[PDB]
């Protein structure tokens, strides 16, 4: 199994793209490579790549490639998220899609034409770099359709289920057309798993792109319900992956745990190492799991304001570049993770019913319901991750 990090530049965070300092980048990647990690996930900014729909900036693309080549110096494999878009509570949107220029980020024909232009130019650059493996359409881009009572986007783009599929096929198809050897994905917060009317569905997750992705974040629901120190905190990503496996009709469908982390809302600094060890140990046996990518590489500088406070301390390194206790715990897990001892599950899968075409009824799997509490209870008592099963 591959083990890597979501790259959050220590100097400048993603605002570093405006004043790119490749030697500072190299010091970040040296640290990541020193831990034993083998890949990073990169996040270029949409307003810098494409400040007007007809202006895809060549120097912005040059900057992306410089960072790709810096990672290659330290033998780090790279994937790039194309449309960011959304990062750590902030939306990076070019002026031609906001306020007076509002349209629909999933169905407006000119917006889609701009998105495919940017994605095509990115893919044409990235296919030439030997350590670049592929692209994700954008970081949790489906949140621009979020409509849940506790998480609904303030300038939401209306979108049907079929609209969502057509948008994915357009973006992923453009990547494939320009970069046939690449692998391509989309990623999303867990509204896709848990919100019945969310237009991006589990069907989309297990059928579009090269692997099913999961982002696993316990601070919104799992932590509030179950609390600090509870086992559900460390079983959550395995649960999400078993849910992804339950939804798939293909036993060969690979999985990528593209985001997982330890929010200090419910995992104190002094529990972080143990959280890293317990979480990682419960993932090694996951069938089909190709990679785990930690959020994030480096603490966000406290000189940057207005983040939700949990975002600042998600790094494996402090902002000054010092490895944190969970960083060393991760290095120790790398042999077990690389080898990934399969365990063939002979359990009785916990069943749930939910609609394939529409995603209706998927809220039965929510961390607030009985099914997840029962899953965690059985995983703790047996020590073995239960399978899940979607009634046919």
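Residue numbers count along the first chain shown, from 1.
Visitor: Using only C-alpha atoms and the B-factors in the entry, which stretch averages higher, 299-307 or 83-91?
Guide: Per the PDB record, 299-307.
Visitor: What stretch has the higher average Cα B-factor here, 148-156 or 180-188?
Guide: Result of the comparison: 148-156.
Visitor: Out of 346, 48, 64, 40, which residue has the highest Cα temperature factor in the PDB record?
Guide: Of 346, 48, 64, 40, 346 has the highest C-alpha B-factor.
Visitor: Looking at 138, 231, 173, 237, which has the highest Cα B-factor in the entry?
Guide: Highest C-alpha B-factor among the listed residues goes to 231.
Visitor: Classify residue 199 as lowest, middle or highest third according to the C-alpha B-factor given in the PDB entry, relative to its own chain.
Guide: It belongs to the middle third of the chain when residues are ordered by C-alpha B-factor.
Visitor: Using the B-factor values recorded in the entry, state whether the Cα atom of residue 367 falls in the lowest, middle or highest third among the modelled residues of its chain.
Guide: Within its chain, residue 367 is a highest-third residue by C-alpha B-factor, going by the deposited values.
Visitor: Ranking the modelled residues of this chain by C-alpha B-factor as given in the entry, is residue 242 in the lowest, middle or highest third?
Guide: Residue 242: CA B-factor falls in the middle third of its chain.
Visitor: Should residue 206 be placed in the lowest, middle or highest third of its chain by the C-alpha B factor in the entry?
Guide: Middle third of the chain for residue 206's C-alpha B-factor.
Visitor: Within this chain's modelled residues, let me know which third the CA B factor of residue 325 belongs to: lowest, middle or highest.
Guide: Answer is highest: the recorded C-alpha B-factor places it there.
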